[PDB]
Amino acid sequence: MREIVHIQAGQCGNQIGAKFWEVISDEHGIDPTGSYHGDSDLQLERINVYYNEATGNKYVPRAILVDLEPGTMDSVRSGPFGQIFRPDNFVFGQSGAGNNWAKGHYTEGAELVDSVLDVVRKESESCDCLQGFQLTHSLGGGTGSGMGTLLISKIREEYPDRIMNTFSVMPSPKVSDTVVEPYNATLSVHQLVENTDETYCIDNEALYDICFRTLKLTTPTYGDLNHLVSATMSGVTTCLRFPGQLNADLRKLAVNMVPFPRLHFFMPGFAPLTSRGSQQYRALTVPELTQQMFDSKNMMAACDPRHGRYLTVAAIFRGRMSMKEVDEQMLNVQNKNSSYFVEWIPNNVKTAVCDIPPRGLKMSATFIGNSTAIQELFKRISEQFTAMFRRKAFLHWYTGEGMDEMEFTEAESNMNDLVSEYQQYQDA
Amino acid sequence: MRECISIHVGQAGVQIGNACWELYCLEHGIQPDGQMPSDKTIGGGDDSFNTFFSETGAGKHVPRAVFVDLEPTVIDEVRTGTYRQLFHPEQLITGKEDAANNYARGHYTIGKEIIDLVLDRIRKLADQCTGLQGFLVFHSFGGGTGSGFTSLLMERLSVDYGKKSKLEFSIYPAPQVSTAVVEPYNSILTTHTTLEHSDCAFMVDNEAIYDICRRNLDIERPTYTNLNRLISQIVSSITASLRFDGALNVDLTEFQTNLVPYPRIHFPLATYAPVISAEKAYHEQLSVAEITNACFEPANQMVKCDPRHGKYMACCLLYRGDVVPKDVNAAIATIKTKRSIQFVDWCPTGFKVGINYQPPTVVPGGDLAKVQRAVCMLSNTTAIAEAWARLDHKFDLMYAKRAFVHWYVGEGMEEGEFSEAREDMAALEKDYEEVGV
Amino acid sequence: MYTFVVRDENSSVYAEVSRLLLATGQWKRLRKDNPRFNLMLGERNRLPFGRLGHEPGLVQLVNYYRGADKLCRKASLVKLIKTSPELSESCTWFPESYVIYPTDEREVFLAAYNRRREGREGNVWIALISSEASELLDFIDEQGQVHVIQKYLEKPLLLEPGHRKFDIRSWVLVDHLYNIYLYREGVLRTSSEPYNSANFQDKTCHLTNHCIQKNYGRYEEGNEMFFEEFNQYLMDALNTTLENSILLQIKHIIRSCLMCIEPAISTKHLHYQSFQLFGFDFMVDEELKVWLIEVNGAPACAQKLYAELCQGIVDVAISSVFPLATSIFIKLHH
Amino acid sequence: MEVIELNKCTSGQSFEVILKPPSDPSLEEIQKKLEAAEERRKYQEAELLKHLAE
Ligand SMILES: Nc1nc2c(ncn2[C@@H]2O[C@H](COP(=O)(O)OP(=O)(O)OP(=O)(O)O)[C@@H](O)[C@H]2O)c(=O)[nH]1
Ligand SMILES: Nc1ncnc2c1ncn2[C@@H]1O[C@H](COP(=O)(O)OP(=O)(O)CP(=O)(O)O)[C@@H](O)[C@H]1O
Ligand SMILES: Nc1nc2c(ncn2[C@@H]2O[C@H](COP(=O)(O)OP(=O)(O)O)[C@@H](O)[C@H]2O)c(=O)[nH]1
Ligand SMILES: COc1ccc(/C=C/C(=O)c2ccc(OC)c3c2OC(C)(C)C=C3)cc1
Ligand SMILES: [Ca+2]
Ligand SMILES: [Mg+2]
Ligand SMILES: [Mg+2]
């Protein structure tokens with residue numbers, strides 16, 4: 001269980017994906033040309049997880065860049081780290097998906113999908129032991145949403161015994177491109193519920209609110225939102241990328257986080273919350289990290305954890321600190337707030353400490369929670385969906401691409417089922 | 001002379017295996033290259049250490065050990081480690097992908113594709129034996145390989161070597177050190193499949209070892225190395241009588257005879273004293289009376305439980321160091337009057353004592369101080385059922401909601417096996433209850 | 001904030017203890033099945049002692065002592081006194097008692113029954129109270145359960161005016177460090193009907209239990225005479241104090257019984273800790289000699305004394321282990 | 001009280017001290033059970049590949 005194949009799809013998928021490779025290449029000591037210029041041997045011990053060995057010691061990201069529009073992918077190639085990516089792994093169409101799920105899934109995306117799978121297959125054949133796949137995408141547009149889920153469905157056919165992992169960006173009227181985003185998201189969730197092992201629910205509502213209420217930025221751009229995304233993406237992958245007490249892989253994470261196969265939607269969280277450029281000079285104490293990471297204000301999904309119960313929790317502390325104090329604080333939170341953790345999964349919180357801190361911070365904490373509070377996110381999408389769907393509004397964009405009204409009704413039903421499934425274990 | 005084969009399964013089994021073989025080598029004066037200066041019969045012999053070591057014409061002493069993990073990482077550190085020359089690569093078996101904390105994945109899925117290879121390498125060691133008596137099996141209850149594969153191995157060893165004894169060294173799961181949340185599932189599943197196939201099993205609760213390291217070794221946050229060096233001392237004490245001249249527990253069959261009258265109730269409690277920090281300046285050396293008294297303190301046991309609220313069936317005292325029979329009997333007499341020691345009506349109230357004059361060996365630079373005298377007590381008490389009750393309650397909490405069950409079923413297992421394994425455990429808890437009060 | 005669980009619904013004492021803890025604003029009650037507690041107010045039967053003291057980052061305490069049933073079950077109490085060297089076969093404060101099973105020490109019982117026949121003296125026993133042994137043995141086999149046959153105290157001390165029988169109840173709290181705390185306030189559970197010497201058939205004047213009495217409440221409210229009034233009666237009618245004539249023997253019996261079981265039940269070096277409230281039942285004869293009847297595992301308090309005793313339990317048994325933001329007990333020294 | 005079975009040597013000594021007197025499946029069945037789970041796995045993958053083909 002070594003190699004992970006990273007796929008990034010659509011505008012959002014490629015933009016957060018580029019930031020991910022930018023951040024982790026700095027952490028592993030790789031420059032924008034592919035050469036290792038780090039000082040610690042601990043940086044290279046698990047580099048094969050995300051990077052492919054090359055002649056001359058060059059390191060290349062195991063990354064496939066997918067879009068139906070060439071626009072965003074040219075922005076990556078001309079961007080800060082764009083030269084590092086294997087040029088063949090740039091797979092693009094010309095027309096675009098026009099924020100339409102049907103175009104991504106059924107028409108425009110179908111034309112391009114086999115080309116991506118040829119690049120996937122070529123990357124998979126190099127692998128000593130392929131761990132699985134991770135996708136970065138939004139659920140509100142057309143490519144990342146529609147084509148992204150078409151890829152997942154096709155990958156699961158060719159590799160049925162591998163882990164499927166997503167970083168899925170949830171749409172919000174606060175950071176909105178089109179009115180059809182709740183349609184695109186509901187159709188995507190329907191696919192994610194069936195075809196993924198793990199989904200990190202990154203809510204654009206939450207990322208806006210963190211930028212507005214906490215980071216003090218009055219009008220935040222996508223860059224400020226993606227700073228929060230990439231920092232969370234760094235933290236959740238730390239254990240896969242670095243040696244620790246545990247030999248950490250995607251399957252072990254799935255076995256331990258997912259008690260019931262449909263309930264695999266995770267609330268990410270980060271501490272401390274930082275804005276771009278400007279640095280905090282005071283390092284947080286271990287009690288401060290523990291209090292903040294469990295705080296709702298630090299959650300990447302706009303759900304109040306006090307409205308639900310925690311099924312399973314994974315926490316990761318980064319930096320040189322007392323592992324005894326980490327254990328003491330983690331146990332303190334559980335014993336002070338025992339009602340918010342299900343009694344029917346004993347010892348549902350696991351904690352790891354990595355010595356290497358991320359760029360700019362001396363010590364930090366990353367939170368991964370399978371809470372029943374995530375239902376609020378799915379209810380919000382469901383409410384926005386129904387408001388339009390009861391009048392069959394904007395539906396002609398989808399019926400014109402061959403889709404039936406029944407498929408919308410089915411997707412509405414499955415998501416509402418997921419909501420009631422999460423509600424079942426909140427009261428149990 | 002009758003040879004013993006050690007099998008080390010999964011991470012816990014392998015790393016504890018490494019800790020033990022390191023200690024055995026220091027005890028018998030065997031160097032990391034395998035040369036033993038004190039050994040005079042070059043390339044042969046049937047001495048007491050030959051139970052655990054075979055020989056080559058060159059003069060190398062090779063362990064009768066097989067290391068097996070479904071994942072390369074851990075055994076790769078044995079292949080590259082300071083004891084690389086000691087083993088031949090055929091003894092060290094690795095897979096590609098691990099059992100992902102899943103009993104069913106280790107038993108059914110990944111178990112099937114490696115079982116025949118492992119038994120072949122075990123047969124390779126068994127053919128070198130003039131009269132093999134059986135197997136010592138090292139594993140964890142909690143891990144997928146440790147639970148799943150070990151139970152399939154125990155199934156097959158009973159078929160291929162029906163005449164031979166099988167002893168277990170098992171790591172009972174503790175939340176302070178645990179890898180996975182499904183460890184109660186794996187523990188119950190593996191015990192059910194292994195119960196008929198195991199003659200004697202020594203449970204080691206990671207919680208007990210952890211807290212001993214905090215209290216007595218002054219280690220703030222114990223690592224596996226801290227735990228394993230301590231576990232290896234206890235294992236060494238138990239195996240000492242097979243590796244040295246003596247008359248108590250000389251073969252593996254005697255472990256059954258001395259400690260196990262009821263075949264299902266084959267889990268002796270181990271207690272060890274004394275555990276003293278090496279970085280402790282000025283230590284008053286503890287006497288025979290003091291260390292024997294410490295064998296009846298719950299804080300020194302390998303599993304936390306209360307022997308006062310239970311009954312004994314057997315009791316072995318194994319001393320290492322400056323100990324004479326007179327001091328032992330004096331100690332026993334004082335302890336009997338001052339403590340609650342109750343035996344079952346169908347057993348003699350008494351102790352079987354073994355003394356080895358060589359003081360315990362500690363690894364140089366380790367956390368344990370050199371002591372003049374030490375003792376391991378092995379007692380078959382009904383009190384150890386507390387550990388089964390703890391584990392069963394955690395199992396019942398998860399299984400009532402059918403949590404995580406789909407991972408096991410997804411690997412080919414049936415939901416019925418969960419309740420079958422739990423019914424056997426419920427039967428075992430009743431067995432201890434009847435004998436108990 | 002400390003956390004506790006309630007697993008005894010019927011416990012009138014610990015219902016008041018749970019009430020007082022919440023009112024301090026420093027204790028929170030959890031669900032029965034929640035393992036993440038500091039304190040447990042446990043069930044009377046099948047209490048899961050094996051599950052306690054296995055929660056990292058929690059000091060755990062329970063309101064029962066594992067093994068205390070030896071003192072609290074009638075059959076075991078007889079066995080403990082007869083076998084324990086500390087107590088001795090010859091115990092001055094314990095009535096001659098024998099353990100009898102239904103279809104055992106029947107031959108030892110009958111041989112002692114002959115001594116009262118050879119000397120021709122008081123040969124009355126308690127199980128119902130009967131004079132002949134051949135009528136008592138039929139009752140034990142008729143019920144099914146194991147019963148204790150005990151020498152009945154034919155000549156007890158009787159309160160005036162009324163010629164009334166009584167028993168003394170003492171409340172004792174053993175803490176986590178095995179300090180033995182006797183509560184300064186005891187109670188006399190009194191008979192209302194005059195004591196009958198020849199007629200053992202009538203059960204109201206012979207048995208002094210609060211439930212059986214409910215003549216009721218004639219001399220004192222709810223047939224309960226407290227420690228201030230009883231001391232005064234002894235001062236006037238007998239020229240002695242309660243402290244001298246009765247209480248020194250009581251302190252001797254309590255201390256003797258609990259010192260005996262200390263090595264078997266102590267939680268000094270255990271992973272979990274225990275306290276317990278005990279109810280000791282005593283009997284005073286005409287010559288002012290105190291006899292032990294039974295020990296109670298889950299005793300009920302007298303109504304007047306609930307407020308003070310339950311605060312006492314919190315003060316020395318609970319808050320000593322879990323400190324917050326004069327004494328009502330007498331410590332029995334050992 | 002009674003010290004019996006005393007055996008001595010250079011390495012050490014052993015003895016008993018008495019204080020008070022008293023008052024399998026076959027190779028065929030394993031291969032069958034293992035294959036029965038392999039069949040149940042293959043049925044689950046087939047029902048997955050059937051659903052995906054739809
Ligand atoms: N005492 C001790 N316990 C260990 C050690 N390694 C793992 N454990 C414990 O064993 C349990 C996990 O089992 P592992 O042996 O790691 O799993 P495995 O057998 O490698 O199987 P996989 O699931 O395939 O990884 C947990 O309870 C750990 O705390 C060790 O070196 N010493
Ligand atoms: N040996 C004896 N001699 C004289 N009176 C006795 C006696 N044994 C019992 N009694 C009387 O019978 C009554 C019942 O006591 P006993 O202990 O047998 O029942 P019990 O268990 O219901 C007491 P409690 O209600 O406190 O639990 C006592 O109040 C006492 O006065
Ligand atoms: N957080 C974040 N969200 C984005 C970004 N770009 C687009 N989005 C969101 O994604 C949705 C539109 O998807 P997009 O990726 O542009 O469409 P696609 O190119 O067809 O996949 C909207 O809900 C936007 O709010 C980005 O860079 N960061
Ligand atoms: C108590 O519940 C648990 C929850 C999760 C685990 C995970 C074990 C892992 O192997 C693993 C894999 C990937 C990871 O990065 C996302 C992590 C990870 O686990 C740690 C604790 C090391 C932290 C993160 C076990 C139990
Ligand atoms: Ca030799
Ligand atoms: Mg867009
Ligand atoms: Mg492993």
# chains A, B, ... in the order shown; residues from 1 in each chain; ligands from 1
>>> interface_residues(of="chain C", to="chain B", cutoff="8 Å", atoms="only C-alpha atoms", output="list in words")
residues 50, 51, 56, 66, 67, 263, 264, 269, 270 and 271 of chain C
>>> closest_atom_pairs(of="chain A", to="chain B", cutoff="6 Å", atoms="only C-alpha atoms", output="Markdown table")
| residue | atom | partner | partner_atom | distance |
| --- | --- | --- | --- | --- |
| A:1 | CA | B:97 | CA | 5.8 |
| A:252 | CA | B:100 | CA | 5.0 |
| A:256 | CA | B:181 | CA | 5.8 |
| A:259 | CA | B:404 | CA | 4.1 |
| A:324 | CA | B:221 | CA | 5.8 |
| A:344 | CA | B:397 | CA | 4.8 |
| A:345 | CA | B:398 | CA | 5.6 |
>>> write_last_selection(atoms="N, CA, C and O atoms", output="mmCIF file, in the first residue's frame")
data_model
loop_
_atom_site.group_PDB
_atom_site.id
_atom_site.type_symbol
_atom_site.label_atom_id
_atom_site.label_comp_id
_atom_site.auth_asym_id
_atom_site.auth_seq_id
_atom_site.Cartn_x
_atom_site.Cartn_y
_atom_site.Cartn_z
ATOM 1 N N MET A 1 0.857 -1.222 0.000
ATOM 2 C CA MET A 1 0.000 0.000 0.000
ATOM 3 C C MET A 1 0.875 1.248 0.000
ATOM 4 O O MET A 1 1.149 1.842 1.052
ATOM 5 N N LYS A 252 -7.159 1.279 5.817
ATOM 6 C CA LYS A 252 -7.214 1.320 7.284
ATOM 7 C C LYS A 252 -8.051 2.495 7.789
ATOM 8 O O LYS A 252 -8.809 2.346 8.757
ATOM 9 N N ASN A 256 -11.735 2.060 9.809
ATOM 10 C CA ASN A 256 -11.845 2.666 11.129
ATOM 11 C C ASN A 256 -12.739 3.895 11.253
ATOM 12 O O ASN A 256 -13.159 4.242 12.357
ATOM 13 N N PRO A 259 -18.393 3.141 9.926
ATOM 14 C CA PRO A 259 -19.150 2.022 10.519
ATOM 15 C C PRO A 259 -20.256 1.438 9.623
ATOM 16 O O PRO A 259 -20.612 0.264 9.762
ATOM 17 N N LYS A 324 2.535 13.222 25.587
ATOM 18 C CA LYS A 324 1.797 13.031 26.842
ATOM 19 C C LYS A 324 0.681 14.071 27.003
ATOM 20 O O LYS A 324 -0.431 13.732 27.420
ATOM 21 N N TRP A 344 -21.875 3.491 21.610
ATOM 22 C CA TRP A 344 -21.855 2.195 20.925
ATOM 23 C C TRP A 344 -20.700 1.998 19.928
ATOM 24 O O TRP A 344 -20.646 0.984 19.225
ATOM 25 N N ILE A 345 -19.790 2.969 19.858
ATOM 26 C CA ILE A 345 -18.460 2.747 19.291
ATOM 27 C C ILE A 345 -17.458 3.169 20.374
ATOM 28 O O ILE A 345 -17.176 4.369 20.526
#
>>> residues_around(residues="residue 53 of chain D", least_positions_apart="4", cutoff="12 Å", atoms="only C-alpha atoms", output="ChimeraX atom specification")
/A:153-154,156-158 /D:46-49
>>> select_by_dssp(residues="segment 293-401 of chain B", states="alpha helix (DSSP H)", output="PyMOL selection string")
chain B and resi 293+325-338+385-399
>>> closest_atom_pairs(of="chain A", to="ligand 1", cutoff="10 Å", atoms="only C-alpha atoms and all ligand atoms", output="CSV")
residue,atom,partner,partner_atom_place_in_ligand_line,distance
A:245,CA,ligand 1,6 (N),9.2
A:246,CA,ligand 1,16 (O),8.1
A:247,CA,ligand 1,25 (O),7.9
A:248,CA,ligand 1,25 (O),9.6
A:252,CA,ligand 1,23 (O),8.1
>>> write_last_selection(atoms="C-alpha atoms", output="PDB file, in the first residue's frame")
ATOM      1  CA  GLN A 245       3.692   5.310  15.128  1.00  0.00           C
ATOM      2  CA  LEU A 246       1.058   3.884  12.749  1.00  0.00           C
ATOM      3  CA  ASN A 247       1.565   2.541   9.219  1.00  0.00           C
ATOM      4  CA  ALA A 248      -1.196   4.700   7.728  1.00  0.00           C
ATOM      5  CA  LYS A 252      -7.214   1.320   7.284  1.00  0.00           C
TER       6      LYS A 252
END
>>> select_by_dssp(residues="segment 202-299 of chain B", states="strand (DSSP E)", output="list in words")
residues 202, 203, 204, 205, 269, 270, 271, 272 and 273 of chain B
>>> interface_residues(of="chain D", to="chain B", cutoff="6 Å", atoms="only C-alpha atoms", output="ChimeraX atom specification")
/D:11-23,34,37,40-41
>>> atom_distance(atom1="atom CA of residue 294 of chain C", atom2="atom CA of residue 132 of chain C")
23.7 Å
>>> interface_residues(of="chain A", to="chain C", cutoff="9 Å", atoms="only C-alpha atoms", output="number ranges by chain")
A: 327-328, 331-332, 334-336, 338-339, 343, 346
>>> residues_near_ligand(ligand="ligand 3", cutoff="8 Å", atoms="only C-alpha atoms and all ligand atoms", output="compact mmCIF listing (two decimals) with N, CA, C and O atoms, in the first residue's frame")
# COMPACT_ATOMS: atom_id res chain seq x y z
N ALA A 9 -10.29 17.50 -11.42
CA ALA A 9 -11.26 17.73 -12.50
C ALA A 9 -12.02 19.05 -12.40
O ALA A 9 -12.53 19.41 -11.34
N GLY A 10 -12.11 19.76 -13.53
CA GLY A 10 -12.82 21.03 -13.60
C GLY A 10 -12.03 22.20 -13.04
O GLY A 10 -10.87 22.03 -12.63
N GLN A 11 -12.65 23.38 -13.02
CA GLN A 11 -12.00 24.62 -12.57
C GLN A 11 -11.54 24.55 -11.10
O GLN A 11 -10.36 24.80 -10.81
N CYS A 12 -12.47 24.21 -10.21
CA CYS A 12 -12.22 24.16 -8.77
C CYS A 12 -11.26 23.03 -8.41
O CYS A 12 -10.33 23.22 -7.62
N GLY A 13 -11.50 21.86 -9.00
CA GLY A 13 -10.66 20.68 -8.80
C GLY A 13 -9.21 20.94 -9.13
O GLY A 13 -8.33 20.54 -8.36
N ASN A 14 -8.96 21.61 -10.25
CA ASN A 14 -7.61 21.93 -10.69
C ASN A 14 -6.95 23.05 -9.88
O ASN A 14 -5.74 23.02 -9.67
N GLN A 15 -7.75 24.01 -9.43
CA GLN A 15 -7.23 25.13 -8.64
C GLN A 15 -6.84 24.74 -7.22
O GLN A 15 -5.78 25.15 -6.74
N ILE A 16 -7.67 23.93 -6.55
CA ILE A 16 -7.33 23.42 -5.22
C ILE A 16 -6.26 22.33 -5.32
O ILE A 16 -5.42 22.18 -4.43
N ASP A 67 -10.08 18.41 -17.51
CA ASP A 67 -11.04 19.49 -17.72
C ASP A 67 -11.66 19.39 -19.11
O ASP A 67 -11.05 18.86 -20.04
N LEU A 68 -12.89 19.88 -19.25
CA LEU A 68 -13.55 19.99 -20.56
C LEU A 68 -13.26 21.34 -21.22
O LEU A 68 -13.63 21.56 -22.38
N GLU A 69 -12.59 22.23 -20.48
CA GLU A 69 -12.17 23.55 -20.96
C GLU A 69 -10.66 23.69 -20.81
O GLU A 69 -10.12 23.34 -19.75
N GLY A 96 -16.28 22.60 -23.10
CA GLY A 96 -16.66 22.95 -21.73
C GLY A 96 -18.02 22.38 -21.37
O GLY A 96 -18.79 21.99 -22.26
N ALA A 97 -18.32 22.35 -20.08
CA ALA A 97 -19.55 21.74 -19.56
C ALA A 97 -20.66 22.74 -19.19
O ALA A 97 -21.75 22.33 -18.80
N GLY A 98 -20.36 24.04 -19.30
CA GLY A 98 -21.33 25.11 -19.02
C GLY A 98 -22.14 24.98 -17.74
O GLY A 98 -23.36 25.15 -17.75
N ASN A 99 -21.45 24.66 -16.63
CA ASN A 99 -22.06 24.40 -15.31
C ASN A 99 -23.21 23.38 -15.32
O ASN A 99 -24.12 23.44 -14.48
N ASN A 100 -23.15 22.44 -16.26
CA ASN A 100 -24.21 21.47 -16.49
C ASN A 100 -23.72 20.05 -16.19
O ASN A 100 -22.82 19.54 -16.87
N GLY A 104 -21.31 17.09 -18.32
CA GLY A 104 -20.17 16.40 -17.72
C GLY A 104 -20.34 14.89 -17.70
O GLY A 104 -19.44 14.16 -18.11
N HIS A 137 -12.40 18.05 -6.80
CA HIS A 137 -13.47 18.57 -7.64
C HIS A 137 -14.50 19.32 -6.80
O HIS A 137 -14.59 19.11 -5.58
N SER A 138 -15.26 20.20 -7.45
CA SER A 138 -16.48 20.76 -6.88
C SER A 138 -17.68 19.95 -7.35
O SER A 138 -17.61 19.27 -8.38
N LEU A 139 -18.78 20.05 -6.60
CA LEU A 139 -20.02 19.36 -6.93
C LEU A 139 -21.06 20.28 -7.59
O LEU A 139 -22.14 19.82 -7.99
N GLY A 140 -20.73 21.57 -7.71
CA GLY A 140 -21.68 22.59 -8.18
C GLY A 140 -21.63 22.93 -9.66
O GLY A 140 -22.62 23.40 -10.22
N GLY A 141 -20.47 22.72 -10.28
CA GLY A 141 -20.27 22.98 -11.71
C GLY A 141 -20.68 21.81 -12.59
O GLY A 141 -21.64 21.08 -12.27
N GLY A 142 -19.95 21.63 -13.69
CA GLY A 142 -20.30 20.66 -14.73
C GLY A 142 -19.27 19.57 -14.96
O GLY A 142 -19.62 18.38 -15.01
N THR A 143 -18.01 19.96 -15.11
CA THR A 143 -16.91 19.01 -15.30
C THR A 143 -16.64 18.22 -14.00
O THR A 143 -16.94 17.03 -13.94
N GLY A 144 -16.09 18.88 -12.98
CA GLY A 144 -15.75 18.24 -11.70
C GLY A 144 -16.90 17.45 -11.09
O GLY A 144 -16.69 16.36 -10.54
N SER A 145 -18.10 18.01 -11.21
CA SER A 145 -19.32 17.39 -10.72
C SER A 145 -19.75 16.21 -11.60
O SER A 145 -19.71 15.06 -11.16
N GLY A 146 -20.13 16.50 -12.85
CA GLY A 146 -20.66 15.50 -13.78
C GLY A 146 -19.64 14.49 -14.28
O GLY A 146 -19.83 13.28 -14.09
N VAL A 169 -15.88 19.79 -3.00
CA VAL A 169 -16.25 21.16 -2.62
C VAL A 169 -17.75 21.39 -2.83
O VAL A 169 -18.25 21.28 -3.95
N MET A 170 -18.45 21.69 -1.74
CA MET A 170 -19.90 21.88 -1.72
C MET A 170 -20.28 23.30 -2.11
O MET A 170 -19.65 24.25 -1.64
N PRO A 171 -21.32 23.46 -2.95
CA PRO A 171 -21.75 24.81 -3.35
C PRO A 171 -22.51 25.56 -2.25
O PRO A 171 -23.08 24.94 -1.35
N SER A 172 -22.52 26.88 -2.36
CA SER A 172 -23.20 27.77 -1.42
C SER A 172 -23.64 29.06 -2.13
O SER A 172 -22.87 29.63 -2.90
N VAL A 175 -21.14 31.94 -2.07
CA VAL A 175 -20.05 31.89 -3.06
C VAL A 175 -20.57 31.12 -4.28
O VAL A 175 -20.21 29.96 -4.52
N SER A 176 -21.45 31.78 -5.04
CA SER A 176 -22.24 31.12 -6.08
C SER A 176 -21.93 31.62 -7.48
O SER A 176 -21.80 32.82 -7.71
N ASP A 177 -21.82 30.67 -8.41
CA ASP A 177 -21.67 30.99 -9.83
C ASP A 177 -23.01 30.96 -10.57
O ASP A 177 -23.35 31.90 -11.28
N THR A 178 -23.77 29.88 -10.38
CA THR A 178 -25.05 29.68 -11.06
C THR A 178 -26.14 29.21 -10.10
O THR A 178 -25.85 28.72 -9.00
N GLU A 181 -26.58 25.05 -9.23
CA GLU A 181 -25.65 24.37 -8.32
C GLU A 181 -26.29 23.33 -7.37
O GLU A 181 -25.70 22.27 -7.18
N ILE A 202 -15.92 19.61 1.86
CA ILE A 202 -15.42 20.98 1.95
C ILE A 202 -16.55 21.91 1.50
O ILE A 202 -16.88 21.97 0.32
N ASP A 203 -17.14 22.62 2.46
CA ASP A 203 -18.28 23.50 2.21
C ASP A 203 -17.79 24.91 1.95
O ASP A 203 -17.08 25.49 2.78
N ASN A 204 -18.19 25.47 0.81
CA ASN A 204 -17.87 26.86 0.46
C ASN A 204 -18.50 27.88 1.39
O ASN A 204 -17.95 28.98 1.56
N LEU A 207 -16.09 28.00 4.39
CA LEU A 207 -14.84 28.66 4.01
C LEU A 207 -15.00 30.17 3.89
O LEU A 207 -14.05 30.91 4.15
N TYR A 222 -11.47 33.56 -4.22
CA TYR A 222 -11.28 32.10 -4.24
C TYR A 222 -9.92 31.69 -3.68
O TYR A 222 -9.81 30.64 -3.04
N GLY A 223 -8.89 32.52 -3.90
CA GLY A 223 -7.55 32.33 -3.34
C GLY A 223 -7.48 32.23 -1.82
O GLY A 223 -6.70 31.44 -1.29
N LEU A 225 -10.12 31.30 0.03
CA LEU A 225 -10.85 30.07 0.30
C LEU A 225 -9.94 28.85 0.10
O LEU A 225 -9.94 27.94 0.93
N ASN A 226 -9.16 28.87 -0.98
CA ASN A 226 -8.28 27.76 -1.34
C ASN A 226 -7.03 27.62 -0.46
O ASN A 226 -6.45 26.54 -0.38
N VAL A 229 -8.36 25.43 2.08
CA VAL A 229 -8.53 24.09 1.49
C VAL A 229 -7.20 23.33 1.49
O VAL A 229 -7.14 22.20 1.99
>>> atom_distance(atom1="atom CA of residue 262 of chain C", atom2="atom CA of residue 54 of chain C")
23.2 Å
>>> atom_distance(atom1="atom CA of residue 142 of chain B", atom2="atom CA of residue 10 of chain B")
10.2 Å
>>> residues_near_ligand(ligand="ligand 5", cutoff="9 Å", atoms="only C-alpha atoms and all ligand atoms", output="number ranges by chain")
B: 36, 39-47, 49-50, 54-55, 59, 61
>>> residues_near_ligand(ligand="ligand 4", cutoff="6 Å", atoms="only C-alpha atoms and all ligand atoms", output="PyMOL selection string")
(chain A and resi 236-237+239-240+246-250+252-253+256-257+312-316+347-352) or (chain B and resi 179-181)
>>> residues_around(residues="residue 204 of chain C", least_positions_apart="5", cutoff="12 Å", atoms="only C-alpha atoms", output="list in words")
residues 128, 129, 164, 165, 166, 190, 191, 192, 193, 194, 195, 196, 199, 209, 210, 211, 212, 213, 214, 215 and 216 of chain C
>>> write_last_selection(atoms="C-alpha atoms", output="JSON list (two decimals), in the first residue's frame")
[["chain", "number", "residue", "atom", "x", "y", "z"],
["C", 128, "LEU", "CA", -40.26, -17.36, 62.62],
["C", 129, "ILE", "CA", -39.60, -18.08, 66.32],
["C", 164, "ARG", "CA", -40.99, -2.69, 74.80],
["C", 165, "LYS", "CA", -38.39, -4.44, 72.61],
["C", 166, "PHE", "CA", -35.96, -2.52, 70.32],
["C", 190, "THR", "CA", -39.00, 0.13, 68.72],
["C", 191, "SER", "CA", -41.83, -2.30, 69.44],
["C", 192, "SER", "CA", -45.21, -0.84, 70.48],
["C", 193, "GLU", "CA", -46.68, -4.00, 72.04],
["C", 194, "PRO", "CA", -45.36, -5.32, 75.42],
["C", 195, "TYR", "CA", -42.86, -8.20, 75.27],
["C", 196, "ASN", "CA", -44.42, -11.65, 75.73],
["C", 199, "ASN", "CA", -46.14, -16.69, 73.68],
["C", 209, "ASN", "CA", -38.63, -3.98, 61.90],
["C", 210, "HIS", "CA", -40.10, -0.67, 60.69],
["C", 211, "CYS", "CA", -42.13, -2.25, 57.84],
["C", 212, "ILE", "CA", -43.73, -4.97, 60.03],
["C", 213, "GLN", "CA", -44.87, -2.45, 62.72],
["C", 214, "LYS", "CA", -46.77, -0.36, 60.12],
["C", 215, "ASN", "CA", -50.21, 0.52, 68.57],
["C", 216, "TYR", "CA", -47.99, 2.09, 65.85]]
